[PDB]
Amino acid sequence: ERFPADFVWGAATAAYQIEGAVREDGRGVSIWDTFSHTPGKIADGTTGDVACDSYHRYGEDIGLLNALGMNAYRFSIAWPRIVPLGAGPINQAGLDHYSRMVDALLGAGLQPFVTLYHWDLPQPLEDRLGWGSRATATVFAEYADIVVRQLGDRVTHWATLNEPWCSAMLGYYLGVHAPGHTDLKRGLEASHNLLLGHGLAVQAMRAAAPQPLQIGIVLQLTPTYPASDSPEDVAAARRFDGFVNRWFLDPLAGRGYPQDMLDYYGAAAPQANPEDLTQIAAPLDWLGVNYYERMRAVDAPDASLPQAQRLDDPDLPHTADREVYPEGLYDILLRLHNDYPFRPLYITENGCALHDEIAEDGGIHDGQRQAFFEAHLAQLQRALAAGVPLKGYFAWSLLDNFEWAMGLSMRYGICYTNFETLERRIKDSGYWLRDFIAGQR
Ligand SMILES: OC[C@H]1O[C@@H](O)[C@H](O)[C@@H](O)[C@@H]1O
Ligand code: NA
């Protein structure tokens, strides 16, 4: 029935998806400015140039969080605002902005859970190979140092990266995200330098921090299940689970990269000496899990790597873009708790997209998103019952925003955003979370 009295209850955003003001106050160009302004990369012709205008309107966002009765806010700092050339001088105006926002949050009783990297690499680094270069890892750590030096007296809970799987594989292998490259080896290289940048940043942050910090990383985990028990389908399930989950979990847990995946990738695998793996395993205080979906895998010998395709289940509900499988959240947490060293855990994202509209009465009747929260929160109670050391939950997203290659067309918010007027309105699911949280707090 109940969560811990000190549980963290929040919603989450990322800077490029919400802030707009892309050229204001010294902000540099990010790979997502370049990519979103490249014809055809975004589905609907939109960019993050305005987005939710949260650079100017984070006060309104704070208003929503307050109305929701939350006690925490997960957001990202734009590297392009802080070090506009990527490696070079800081931009004090960038840091001052986030300093005021942090003060605003704390004054409202909202604990800032800051993400340092949620995909907006400065374009000057990409011009020197981006995550294809080990130098990018070094200058990421420098950036992590600068930020914590200035805001670490107030922010205790930091995440280095959000979802390196996406940054590496969507960004450099499949080409669907910025910067838009299409080479496996480049993707795997990028995964390594992300992980290294992570490890280097943790160490830098601990040395720069004016007080002890609780430092984590955020991974999206996709629990994977074989469509049948055939050696073929089981193998496919393993390969997918390795491609998405274990590739990151293992080296973070000090276990190296998974040998099966090393064998599968062959010459495409990155060059990973033992000093880098030691750095990548820098001790963490927590792990963030982003959870959206499962993968029910059939072998797909003719598809590209990892030769494993989703077997649709028409009995399960689907959202605008995903199948709903709440039981996967219990499953992956049970696996983390029993099989890996990370603890405590936070659900740093969970939510869904729907064809939301403002109805005649003025509300947004998103009952399927309410049912989505209710079901996933129920699985978290089960996970807690089994001893999973879960300390918080953040809904993705606080508000409808720029959904990457889908643009402004794919609405994930618990608040509706009118992108013309910038008015936000709380959806019915948001009111349900309010009332649920108020019962738990
Ligand atoms: O697609 C929904 C969400 O997925 C997550 O993996 C990312 O961290 C978000 O930035 C994105 O908005
Ligand atoms: Na549906």
# chains A, B, ... in the order shown; residues from 1 in each chain; ligands from 1

$ residues_near_ligand --ligand "ligand 2" --cutoff "10 Å" --atoms "only C-alpha atoms and all ligand atoms" --output "PyMOL selection string"
chain A and resi 314+316-324+354-355+368

$ write_last_selection --atoms "N, CA and C atoms" --output "PDB file, in the first residue's frame"
ATOM      1  N   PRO A 314      -0.691  -8.486 -29.575  1.00  0.00           N
ATOM      2  CA  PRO A 314      -1.894  -7.661 -29.774  1.00  0.00           C
ATOM      3  C   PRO A 314      -2.839  -7.699 -28.571  1.00  0.00           C
ATOM      4  N   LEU A 316      -1.747  -7.010 -25.581  1.00  0.00           N
ATOM      5  CA  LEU A 316      -1.315  -5.984 -24.652  1.00  0.00           C
ATOM      6  C   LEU A 316      -1.765  -4.572 -25.161  1.00  0.00           C
ATOM      7  N   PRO A 317      -2.047  -3.637 -24.243  1.00  0.00           N
ATOM      8  CA  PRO A 317      -2.338  -2.267 -24.700  1.00  0.00           C
ATOM      9  C   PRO A 317      -1.101  -1.674 -25.401  1.00  0.00           C
ATOM     10  N   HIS A 318      -1.303  -0.836 -26.411  1.00  0.00           N
ATOM     11  CA  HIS A 318      -0.237  -0.008 -26.944  1.00  0.00           C
ATOM     12  C   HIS A 318      -0.545   1.446 -26.769  1.00  0.00           C
ATOM     13  N   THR A 319       0.521   2.206 -26.612  1.00  0.00           N
ATOM     14  CA  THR A 319       0.382   3.695 -26.473  1.00  0.00           C
ATOM     15  C   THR A 319       0.484   4.316 -27.827  1.00  0.00           C
ATOM     16  N   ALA A 320       0.819   5.605 -27.946  1.00  0.00           N
ATOM     17  CA  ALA A 320       1.181   6.149 -29.256  1.00  0.00           C
ATOM     18  C   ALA A 320       2.385   5.533 -29.898  1.00  0.00           C
ATOM     19  N   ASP A 321       3.337   5.034 -29.144  1.00  0.00           N
ATOM     20  CA  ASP A 321       4.547   4.513 -29.734  1.00  0.00           C
ATOM     21  C   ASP A 321       5.157   3.247 -29.115  1.00  0.00           C
ATOM     22  N   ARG A 322       4.564   2.666 -28.085  1.00  0.00           N
ATOM     23  CA  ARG A 322       5.170   1.502 -27.391  1.00  0.00           C
ATOM     24  C   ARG A 322       4.083   0.523 -26.916  1.00  0.00           C
ATOM     25  N   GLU A 323       4.508  -0.712 -26.649  1.00  0.00           N
ATOM     26  CA  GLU A 323       3.698  -1.624 -25.944  1.00  0.00           C
ATOM     27  C   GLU A 323       3.886  -1.409 -24.416  1.00  0.00           C
ATOM     28  N   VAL A 324       2.804  -1.577 -23.685  1.00  0.00           N
ATOM     29  CA  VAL A 324       2.770  -1.443 -22.215  1.00  0.00           C
ATOM     30  C   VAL A 324       2.980  -2.814 -21.525  1.00  0.00           C
ATOM     31  N   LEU A 354       0.752   9.608 -25.823  1.00  0.00           N
ATOM     32  CA  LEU A 354      -0.620   9.394 -26.294  1.00  0.00           C
ATOM     33  C   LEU A 354      -0.963  10.547 -27.204  1.00  0.00           C
ATOM     34  N   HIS A 355      -2.106  10.413 -27.881  1.00  0.00           N
ATOM     35  CA  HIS A 355      -2.590  11.436 -28.804  1.00  0.00           C
ATOM     36  C   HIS A 355      -3.401  12.412 -28.000  1.00  0.00           C
ATOM     37  N   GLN A 368      -5.482   6.334 -20.205  1.00  0.00           N
ATOM     38  CA  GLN A 368      -4.499   5.294 -20.425  1.00  0.00           C
ATOM     39  C   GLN A 368      -3.124   5.626 -19.740  1.00  0.00           C
TER      40      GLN A 368
END

$ residues_near_ligand --ligand "ligand 1" --cutoff "8 Å" --atoms "only C-alpha atoms and all ligand atoms" --output "list in words"
residues 13, 14, 17, 118, 162, 163, 166, 220, 290, 292, 349, 351, 352, 353, 396, 397, 401, 402, 403, 404 and 412 of chain A

$ write_last_selection --atoms "N, CA and C atoms" --output "JSON list (two decimals), in the first residue's frame"
[["chain", "number", "residue", "atom", "x", "y", "z"],
["A", 13, "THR", "N", 12.68, 16.11, -17.07],
["A", 13, "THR", "CA", 12.85, 16.73, -18.39],
["A", 13, "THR", "C", 14.36, 16.66, -18.77],
["A", 14, "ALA", "N", 14.67, 17.14, -19.97],
["A", 14, "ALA", "CA", 16.05, 17.32, -20.52],
["A", 14, "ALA", "C", 16.10, 18.71, -21.18],
["A", 17, "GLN", "N", 15.12, 19.35, -24.83],
["A", 17, "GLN", "CA", 13.70, 19.05, -25.12],
["A", 17, "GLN", "C", 12.77, 20.18, -24.67],
["A", 118, "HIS", "N", 22.47, 15.03, -21.09],
["A", 118, "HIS", "CA", 21.26, 14.43, -21.72],
["A", 118, "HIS", "C", 21.23, 14.83, -23.20],
["A", 162, "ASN", "N", 22.70, 10.52, -19.12],
["A", 162, "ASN", "CA", 21.44, 9.86, -19.40],
["A", 162, "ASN", "C", 21.56, 8.96, -20.62],
["A", 163, "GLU", "N", 21.32, 7.67, -20.42],
["A", 163, "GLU", "CA", 21.12, 6.72, -21.52],
["A", 163, "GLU", "C", 22.20, 6.70, -22.61],
["A", 166, "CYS", "N", 21.42, 5.09, -26.07],
["A", 166, "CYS", "CA", 20.87, 5.98, -27.13],
["A", 166, "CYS", "C", 21.96, 6.88, -27.77],
["A", 220, "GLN", "N", 18.69, 3.31, -19.48],
["A", 220, "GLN", "CA", 17.42, 2.67, -19.83],
["A", 220, "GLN", "C", 17.70, 1.18, -19.94],
["A", 290, "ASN", "N", 15.74, 4.10, -16.21],
["A", 290, "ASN", "CA", 14.63, 4.55, -17.06],
["A", 290, "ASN", "C", 13.98, 3.29, -17.59],
["A", 292, "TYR", "N", 10.57, 1.91, -19.81],
["A", 292, "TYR", "CA", 9.44, 2.06, -20.67],
["A", 292, "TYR", "C", 8.81, 0.77, -21.16],
["A", 349, "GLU", "N", 13.09, 7.77, -14.95],
["A", 349, "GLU", "CA", 12.02, 7.96, -15.97],
["A", 349, "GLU", "C", 11.09, 6.77, -16.06],
["A", 351, "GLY", "N", 7.01, 6.62, -18.17],
["A", 351, "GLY", "CA", 5.83, 7.30, -18.67],
["A", 351, "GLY", "C", 5.51, 6.90, -20.10],
["A", 352, "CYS", "N", 4.59, 7.61, -20.74],
["A", 352, "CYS", "CA", 4.12, 7.20, -22.03],
["A", 352, "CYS", "C", 3.58, 8.36, -22.84],
["A", 353, "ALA", "N", 3.45, 8.09, -24.16],
["A", 353, "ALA", "CA", 3.01, 9.04, -25.15],
["A", 353, "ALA", "C", 1.63, 8.62, -25.60],
["A", 396, "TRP", "N", 8.37, 10.52, -16.51],
["A", 396, "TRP", "CA", 8.70, 11.20, -17.73],
["A", 396, "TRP", "C", 7.37, 11.51, -18.47],
["A", 397, "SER", "N", 7.06, 12.75, -18.83],
["A", 397, "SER", "CA", 7.82, 13.94, -18.57],
["A", 397, "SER", "C", 6.96, 14.90, -17.73],
["A", 401, "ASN", "N", 6.97, 17.92, -24.79],
["A", 401, "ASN", "CA", 8.16, 18.62, -25.17],
["A", 401, "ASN", "C", 8.68, 18.15, -26.54],
["A", 402, "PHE", "N", 9.90, 18.58, -26.90],
["A", 402, "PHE", "CA", 10.53, 18.17, -28.15],
["A", 402, "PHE", "C", 11.07, 16.73, -28.01],
["A", 403, "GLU", "N", 10.30, 15.80, -28.56],
["A", 403, "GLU", "CA", 10.58, 14.33, -28.46],
["A", 403, "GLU", "C", 11.53, 13.87, -29.58],
["A", 404, "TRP", "N", 12.71, 14.50, -29.57],
["A", 404, "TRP", "CA", 13.86, 14.05, -30.38],
["A", 404, "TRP", "C", 13.44, 13.92, -31.86],
["A", 412, "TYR", "N", 4.59, 13.19, -24.28],
["A", 412, "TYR", "CA", 4.89, 12.36, -23.11],
["A", 412, "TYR", "C", 4.55, 13.01, -21.76]]

$ closest_residue --among "A:171, A:367, A:59, A:122" --to "residue A:100" --atoms "only C-alpha atoms"
A:59

$ select_by_dssp --residues "stretch 53-238 of chain A" --states "helix (DSSP H, G or I)" --output "VMD selection string"
chain A and resid 54 to 67 79 to 82 92 to 107 123 to 126 130 to 132 134 to 151 164 to 173 184 to 208 231 to 238

$ residues_around --residues "stretch 84-86 of chain A" --least-positions-apart "4" --cutoff "9 Å" --atoms "only C-alpha atoms" --output "list in words"
residues 26, 27, 28, 29, 30, 79, 80, 90, 91, 121, 122, 123, 124, 125, 136, 139, 140 and 143 of chain A

$ write_last_selection --atoms "N, CA, C and O atoms" --output "short mmCIF file (atom, residue, chain, number, x, y, z; two decimals), in the first residue's frame"
data_model
loop_
_atom_site.label_atom_id
_atom_site.label_comp_id
_atom_site.auth_asym_id
_atom_site.auth_seq_id
_atom_site.Cartn_x
_atom_site.Cartn_y
_atom_site.Cartn_z
N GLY A 26 25.00 33.44 -24.58
CA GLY A 26 26.28 32.80 -24.91
C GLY A 26 26.22 31.33 -25.26
O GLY A 26 27.25 30.70 -25.45
N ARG A 27 25.00 30.75 -25.34
CA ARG A 27 24.87 29.26 -25.54
C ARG A 27 25.48 28.92 -26.87
O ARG A 27 25.27 29.62 -27.84
N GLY A 28 26.27 27.89 -26.89
CA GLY A 28 26.93 27.39 -28.07
C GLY A 28 26.02 26.49 -28.92
O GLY A 28 24.86 26.30 -28.59
N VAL A 29 26.51 25.99 -30.04
CA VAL A 29 25.69 25.10 -30.90
C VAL A 29 25.88 23.62 -30.41
O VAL A 29 27.02 23.18 -30.19
N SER A 30 24.79 22.88 -30.20
CA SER A 30 24.87 21.46 -29.85
C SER A 30 24.60 20.59 -31.11
O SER A 30 24.07 21.02 -32.10
N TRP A 79 25.34 21.41 -21.47
CA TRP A 79 26.78 21.66 -21.66
C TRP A 79 27.03 22.91 -22.57
O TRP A 79 27.92 23.72 -22.27
N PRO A 80 26.31 23.06 -23.69
CA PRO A 80 26.44 24.23 -24.53
C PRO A 80 26.25 25.59 -23.85
O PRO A 80 26.81 26.58 -24.36
N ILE A 90 34.62 28.76 -19.54
CA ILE A 90 33.26 28.66 -19.10
C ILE A 90 32.48 29.92 -19.47
O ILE A 90 33.08 30.97 -19.84
N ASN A 91 31.18 29.83 -19.38
CA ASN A 91 30.25 30.91 -19.64
C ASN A 91 29.55 31.14 -18.32
O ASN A 91 28.57 30.43 -18.01
N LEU A 121 25.59 17.26 -26.86
CA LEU A 121 27.03 17.46 -27.02
C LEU A 121 27.30 18.78 -27.78
O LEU A 121 26.73 18.99 -28.84
N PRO A 122 28.28 19.61 -27.31
CA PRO A 122 28.65 20.78 -28.11
C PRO A 122 29.17 20.39 -29.49
O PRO A 122 29.98 19.43 -29.63
N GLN A 123 28.66 21.06 -30.51
CA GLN A 123 28.98 20.69 -31.94
C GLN A 123 30.52 20.81 -32.22
O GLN A 123 31.07 19.96 -32.88
N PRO A 124 31.25 21.76 -31.56
CA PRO A 124 32.71 21.76 -31.77
C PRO A 124 33.40 20.48 -31.39
O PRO A 124 34.43 20.15 -32.01
N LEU A 125 32.91 19.74 -30.40
CA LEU A 125 33.52 18.46 -30.08
C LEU A 125 33.21 17.39 -31.15
O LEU A 125 34.07 16.56 -31.45
N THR A 136 36.94 13.79 -25.90
CA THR A 136 35.59 14.23 -25.52
C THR A 136 35.32 13.75 -24.10
O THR A 136 34.68 14.45 -23.34
N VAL A 139 37.20 16.16 -21.68
CA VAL A 139 36.60 17.51 -21.53
C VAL A 139 35.18 17.43 -20.91
O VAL A 139 34.75 18.36 -20.23
N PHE A 140 34.50 16.28 -21.08
CA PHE A 140 33.26 16.02 -20.30
C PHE A 140 33.51 16.09 -18.79
O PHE A 140 32.76 16.69 -18.06
N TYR A 143 33.97 19.60 -17.62
CA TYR A 143 32.66 20.22 -17.56
C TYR A 143 31.95 19.80 -16.27
O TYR A 143 31.38 20.66 -15.55
#

$ residues_around --residues "residue A:43" --least-positions-apart "4" --cutoff "10 Å" --atoms "only C-alpha atoms" --output "list in words"
residues 36, 39, 404, 405, 406, 407, 408 and 409 of chain A

$ closest_residue --among "A:288, A:89, A:20, A:179" --to "residue A:131" --atoms "only C-alpha atoms"
A:179

$ select_by_dssp --residues "stretch 51-185 of chain A" --states "strand (DSSP E)" --output "PyMOL selection string"
chain A and resi 72-76+111-117+157-162

$ atom_distance --atom1 "atom CA of residue A:65" --atom2 "atom CA of residue A:152"
22.3 Å

$ residues_around --residues "residue A:310" --least-positions-apart "6" --cutoff "9 Å" --atoms "only C-alpha atoms" --output "PyMOL selection string"
chain A and resi 227+295-298

$ write_last_selection --atoms "N, CA, C and O atoms" --output "PDB file, in the first residue's frame"
ATOM      1  N   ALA A 227      10.917 -15.328 -27.193  1.00  0.00           N
ATOM      2  CA  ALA A 227       9.568 -15.629 -27.688  1.00  0.00           C
ATOM      3  C   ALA A 227       9.213 -17.115 -27.602  1.00  0.00           C
ATOM      4  O   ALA A 227       8.062 -17.500 -27.372  1.00  0.00           O
ATOM      5  N   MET A 295      11.259  -6.291 -24.310  1.00  0.00           N
ATOM      6  CA  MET A 295      11.547  -6.807 -25.663  1.00  0.00           C
ATOM      7  C   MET A 295      11.246  -8.288 -25.622  1.00  0.00           C
ATOM      8  O   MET A 295      11.949  -8.983 -24.905  1.00  0.00           O
ATOM      9  N   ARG A 296      10.238  -8.730 -26.341  1.00  0.00           N
ATOM     10  CA  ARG A 296       9.978 -10.146 -26.534  1.00  0.00           C
ATOM     11  C   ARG A 296      10.592 -10.525 -27.891  1.00  0.00           C
ATOM     12  O   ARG A 296      10.069 -10.114 -28.957  1.00  0.00           O
ATOM     13  N   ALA A 297      11.690 -11.276 -27.825  1.00  0.00           N
ATOM     14  CA  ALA A 297      12.635 -11.430 -28.928  1.00  0.00           C
ATOM     15  C   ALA A 297      12.447 -12.741 -29.696  1.00  0.00           C
ATOM     16  O   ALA A 297      12.396 -13.835 -29.096  1.00  0.00           O
ATOM     17  N   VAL A 298      12.349 -12.624 -31.014  1.00  0.00           N
ATOM     18  CA  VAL A 298      12.532 -13.785 -31.935  1.00  0.00           C
ATOM     19  C   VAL A 298      13.829 -13.603 -32.698  1.00  0.00           C
ATOM     20  O   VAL A 298      14.278 -12.463 -32.978  1.00  0.00           O
TER      21      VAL A 298
END

$ residues_around --residues "residue A:68" --least-positions-apart "3" --cutoff "7 Å" --atoms "only C-alpha atoms" --output "list in words"
residues 64, 65, 430, 431 and 434 of chain A

$ write_last_selection --atoms "C-alpha atoms" --output "PDB file, in the first residue's frame"
ATOM      1  CA  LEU A  64       3.390  22.676 -12.104  1.00  0.00           C
ATOM      2  CA  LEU A  65       5.697  20.637  -9.859  1.00  0.00           C
ATOM      3  CA  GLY A 430      -1.052  14.457 -13.454  1.00  0.00           C
ATOM      4  CA  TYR A 431      -3.968  15.081 -11.139  1.00  0.00           C
ATOM      5  CA  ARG A 434      -0.901  14.525  -7.301  1.00  0.00           C
TER       6      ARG A 434
END
